[PDB]
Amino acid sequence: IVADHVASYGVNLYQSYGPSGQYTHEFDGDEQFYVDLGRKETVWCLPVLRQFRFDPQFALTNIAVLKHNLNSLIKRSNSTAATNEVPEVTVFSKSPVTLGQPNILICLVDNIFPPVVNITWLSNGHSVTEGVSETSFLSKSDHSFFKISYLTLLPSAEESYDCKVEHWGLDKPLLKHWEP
């Protein structure tokens, strides 16, 4: 559909493995907020949006409808499960890489399905836990997902970085390299 603005109010997700769910709202491809279903908390992604209120119970109640609708569909489709997809990984910096100045590495894992994945960072072949954040599963018109991970860093002339992606559609954990 061709339109000036595309909004999702919202994106409802429930899957059997876990089991896990996700409730988000999107406007023009960006996440407005998500509901921590385990905490019954609304977490806005734009500070300007903190002024609004959103009942997390709606998300919980909506997700419950998805679980009931799923079990119906699992049987009726003769147990047709999800096809594992090959995710595409791209690593880039948030700003131009000026040495000695803080920056953020951005790892875009696109074409994710099913929405199950670890995204982790590596520096010189070592696990990097601090400074790592990530978005939710953002929707796509083909009904796959993409997730973006962030790694804050002070780039230097010798420290290399790898974005690591483990996925079922992946025979081996995928590694996308980045160097200043």
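In this text, residue numbers run from 1 along the sequence as written.
Taking only CA atoms, the mean B-factor in the PDB entry is higher for 170 to 178 than for the other of 170 to 178 and 4 to 12. Higher mean CA B-factor, judged across 29 to 37 and 124 to 132 from the recorded values: 124 to 132. Looking at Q101, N71, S95, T90, the one whose CA carries the top B-factor in the deposited record is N71.
Annotation for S139: C-alpha temperature factor in the lowest third relative to the rest of the modelled chain, per the entry. In this PDB entry, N111 carries a Cα temperature factor that places it within the middle third of its chain's modelled residues. When all modelled residues of the chain are sorted by CA temperature factor, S149 is found within the lowest third.
Sort the chain's modelled residues by C-alpha temperature factor and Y23 lands in the lowest third, per the entry.
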